[PDB]
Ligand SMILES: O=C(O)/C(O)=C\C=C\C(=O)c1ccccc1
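Heads up, the chain below is alone and in the form deposited without this ligand; it's given as structure tokens.
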């Protein structure tokens, strides 16, 4: 499978979206699993999930790697509400556009916030909920905030450069030797190609700070069977938020990988793929 061969576009009309263009990558034909990416500069569906799409399609799922509004090849946008909620509406727009009745959701950090808000706003349209270091969930009990990777996400947004990109990825990833030229260049190109996305993010950040993403008080509403994953060494969203989900969501479990940063799905792809597919099939 390739980015090019799986690349699709769809216009959406959900709420304050009107004929809004969403880019995604799709493969397979079984039950739908929608995978949702983080919010750093240059993030997108394909580069975040390319280590996953194949095993999941192989296991029989239809996989959709969605670009959130204001990321990668989806339309530019300035948000006045918390990103998790706006992205969730986009997911629902996408699903109605494609005649998808229920989907499983997978999401890291911002995409986790996205998945969380979707489960809350639309409980009839979700199957299983899968979270990797989901953002949004308020103050840590242990981590000073803003987290190390958050500060770097904002620095990169405001003063983009290959050098600052590398610094940021070095913090995202436990194993530094995973930071190949290819990974860097791929991020650099998404950054270079849509400079408007950066300015828009910082604007949206001002209109609705991360403090407003916090959906903790509503976790008890979630009736989705939930799989929570964390990297032990995640410098982007702190590990004790994993405990907070486990205590507050009715039917949750938590899996924490050693020697893993903010991209469990990428840094521990094989075991990640095994646990989540097993969960999707059997939980």
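Numbering follows the first chain given and starts at 1.
Note that the form solved in complex with this ligand isn't included here; everything after this is about it.
Undergrad: With the distance limit set at 4.5 angstroms and only heavy atoms considered, check whether 33, 95 and 115 all reach this ligand in the bound PDB entry.
TA: No: no residue has a heavy atom within 4.5 Å of the partner.
Undergrad: Consider the chain as shown here, without its partner, and state which of 119, 103, 110, 90 has a heavy atom within 4.5 Å of this ligand in the bound PDB entry.
TA: When this ligand is considered in the bound PDB entry, the option within 4.5 Å is 110.
Undergrad: Considering 191, 210, 143, 79, which brings a non-hydrogen atom within 4.5 Å of this ligand in the bound PDB entry?
TA: Checked against the cut-off, the match is 210.
Undergrad: I need the one stretch from 252-260, 220-228, 40-48, 23-31 whose residues put non-hydrogen atoms within 4.5 angstroms of this ligand in the bound PDB entry.
TA: Single hit among the candidates: 40-48.
Undergrad: Contact between residue 197 and this ligand in the bound PDB entry at 4.5 Å, heavy atoms?
TA: Answer no; every heavy atom of residue 197 is more than 4.5 Å from this ligand in the bound PDB entry.
Undergrad: Is there a heavy atom of residue 168 no more than 4.5 Å from a heavy atom of this ligand in the bound PDB entry?
TA: Result yes; residue 168 sits at the interface with this ligand in the bound PDB entry.
Undergrad: Could you confirm whether residue 129 comes within 4.5 Å of this ligand in the bound PDB entry, counting heavy atoms only?
TA: Although this ligand is absent here, residue 129 would stay clear of it in the bound PDB entry, with no heavy atoms inside 4.5 Å.
Undergrad: According to a 4.5 angstroms non-hydrogen atom cut-off, is residue 205 in contact with this ligand in the bound PDB entry?
TA: Because no heavy atom of residue 205 falls inside 4.5 Å of this ligand in the bound PDB entry, the answer is no.
Undergrad: Given a 4.5 Å distance limit between heavy atoms, list every residue of 136-152 close to this ligand in the bound PDB entry, or none if there are none.
TA: The stretch 136-152, when checked against this ligand in the bound PDB entry, contributes 136, 150 at the 4.5 Å heavy-atom cut-off.
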